[PDB]
Amino acid sequence: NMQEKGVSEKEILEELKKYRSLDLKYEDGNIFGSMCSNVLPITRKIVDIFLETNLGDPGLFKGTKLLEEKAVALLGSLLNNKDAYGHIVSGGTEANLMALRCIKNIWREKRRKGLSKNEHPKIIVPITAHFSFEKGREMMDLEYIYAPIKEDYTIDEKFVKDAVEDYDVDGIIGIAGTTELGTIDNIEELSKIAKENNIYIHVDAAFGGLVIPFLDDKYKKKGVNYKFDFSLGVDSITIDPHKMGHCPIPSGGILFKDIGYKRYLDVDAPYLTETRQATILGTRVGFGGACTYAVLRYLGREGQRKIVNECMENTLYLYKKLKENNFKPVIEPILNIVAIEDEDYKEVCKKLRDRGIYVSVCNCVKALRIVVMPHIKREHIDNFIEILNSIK
Amino acid sequence: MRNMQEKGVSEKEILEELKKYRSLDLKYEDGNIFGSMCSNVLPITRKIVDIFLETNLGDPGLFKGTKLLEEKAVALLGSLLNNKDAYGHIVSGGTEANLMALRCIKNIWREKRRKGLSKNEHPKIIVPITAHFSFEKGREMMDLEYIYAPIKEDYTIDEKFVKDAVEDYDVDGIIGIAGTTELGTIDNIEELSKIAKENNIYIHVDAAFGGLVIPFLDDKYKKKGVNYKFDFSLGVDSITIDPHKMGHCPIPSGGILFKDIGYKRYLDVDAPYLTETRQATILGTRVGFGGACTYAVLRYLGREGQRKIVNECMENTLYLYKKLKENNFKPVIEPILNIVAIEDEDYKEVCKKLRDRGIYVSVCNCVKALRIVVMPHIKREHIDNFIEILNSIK
Ligand SMILES: Cc1ncc(COP(=O)(O)O)c(C=O)c1O
Ligand SMILES: Cc1ncc(COP(=O)(O)O)c(C=O)c1O
């Protein structure tokens, strides 16, 4: 209940610290199933400096707005597109929803011209797609043609080519670093199908966008597709600094091939400095853009390769330890994600929590899921294997 | 720079560049910003942001204390809005809050539709023309059919039209506003909630701004005949209320409260890899500091402190109002909340001339007027200065 008298700052900070003490901390080696991790320390200073900014009213914060544009230009450069148009948004979910909005509005235009026979947009989506796509389908009344995956947990490209032939398709979704397994769809083939048929293609690189471009050849595998960016001519790409960009939440990213896409996103915001708004959110943080730009500049490709390399070393060490202890990884890892087959995977995940280890689970395969973020070290992997052995 | 490079750059260098950029921004405390519903955060919140920065309410089983603080923030807001059983979240802002209420309305309709109980192909929702643009984003993305309710001379929803519409159509939802975006006016939620209750229609109240002002408004500032009742005491289904507006909390700190936990089934989406496998929010990964700040600010201030902040904003609102009248300007209405609008046929150009002079005001949508939000950063000194620049422009 709301009381009449206020409590002192010291009293309330102490209570909040008591609650904080009940949370897990990334640095302690308990969190194995998260795509978030410890932020680069420089970002704490940046959050403080840009806390009182709002990119929903960018006319009042011209420097912070410039910084958002520069964070987006740096991501564009990274994704081989010097003319990318985008935003540093709340996360991969808003980013995906905005790509879905764009697909829907291109369709709506065709429909209102008598140039589409679809009553709802038909979009091809793999079953490995993140649940943000389910949120979009449910809200926006989108019609999904679910694409099956192959033995290697990548989208069946033959199925997509056949679907495009049999139906009037309004969009194709490809994933560059799946939530469950870190696999990469064959975006090169998907984009060929998309270009030849004039279909919008969105790439969900929320996770892999800040891993794949910095992945050393040593970790790349024969037969795996690593091409996923604007050099393939794709229309949009989701990419999240608050995942493998070590930036504070909220720092998501959405990039469109060019500024002409804005036309399918803008809504009127009459009382604001920018009367045209393309984001789903209105009032939104300015520190995400400042942090994304800062971190990419501070690290350079060199610093990010170093962090990805260490994550990959620890991923390979985890994989190696699993094989030695008679566990069955789902696949040899592509990115810094390993999944462990288990017929009783949901209960095993529960038993691991009780022992202080918090792993995730897969949805399309009966397996435990581990994301080897920078906070995971060999000592933690050793402790996890000894606890898992003890449980089995 | 604009392109990636191989080598990193020092912390000193990048912080120096960032500060050059920050210096181009306006600052709330400088008396430049007159049209924002955001202001300076209470200093205590900077410490809370830092403590809770590395949390994520999208994976609450990893951050059990942070989740408990979200629940306590929602409970404190529920109590303030006369509901000790409220179910809700500290979300990204009033937009996501409003979008969640619209999803709830749509999912109740969908349930009816499949049960052969609705004749509507899309949900029909009564929306006043003073509704915030988040409502348009909703309409556009979710294929919602809006029955646009007109406003009366006092800029409040025409309750008769609403009752007339509810009679003529199969209505799925009604939207009322407690502190309109443009003028700070309050719809007659009592009448709307009576119409809603008697017809078993979902009613959502957008109190994004007014939710943290109205409950702390001293009688001295209330006007006879004006409706101030807007909360769960009226039996409404959901209320949007934003701490990052008049709660002095850092962005993102928005709020969505539902009458009870029974509303959650109309929002849940499966999140199979996460500690909590059902998410009701639109966002997935999301700040944990919003709830911590919301709860802490409400405890730190108490009703006493928030009442003092709100009342000084009203003192400054009445001062601005007097100064306008004394200088022959025409306020659109007598202020209800801490928002004053100035009638001007040439509002678009005068707004531009004001920012050329360093004053940044807003404009209205349904009336030709400049729009001023008297947030706590606006003091008499700034109001005085604004009147001189505006008289000088004329
Ligand atoms: C591939 C992919 N897309 C989208 C998302 C959603 O991102 P966020 O949780 O930041 O909203 C995630 C992670 O949850 C992801 O794995
Ligand atoms: C009445 C009302 N509802 C909703 C919103 C949206 O809030 P936000 O910008 O925090 O998304 C606003 C803010 O402008 C508002 O004034």
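Naming convention: chains lettered A, B, ... in sequence-line order (proteins, then strands); numbering from 1 in each chain. Numbering of ligands and ligand atoms starts at 1, following listing order.
A salt bridge is defined here as a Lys NZ or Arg NE, NH1 or NH2 lying under 4.0 Å from an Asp or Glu carboxylate O, and B:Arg286 with B:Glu70 meets this definition.
Under 3.5 Å, the side chains of A:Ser236 and A:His202 contain a donor-acceptor pair of N or O atoms.
Annotation: salt bridge (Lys or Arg N to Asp or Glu O under 4.0 Å) contacts of A:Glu52 (sequence neighbours excluded): B:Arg46. For the salt bridge (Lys or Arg N to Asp or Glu O under 4.0 Å) test, residues two or more places apart in sequence or in another chain that qualify with A:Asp268 are A:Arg276. Remark: A:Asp240 pairs with A:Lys243 by the salt bridge (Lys or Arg N to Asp or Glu O under 4.0 Å) rule, at least two apart or across chains.
Pocket lining of ligand 2, defined as residues with a non-hydrogen atom under 4.0 Å away: A:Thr283, B:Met37, B:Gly93, B:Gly94, B:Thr95, B:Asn98, B:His132, B:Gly179, B:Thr181, B:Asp206, B:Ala208, B:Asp242, B:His244, B:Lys245.
With ring centers used as reference points, A:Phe61 lies under 6.0 Å from B:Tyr28.
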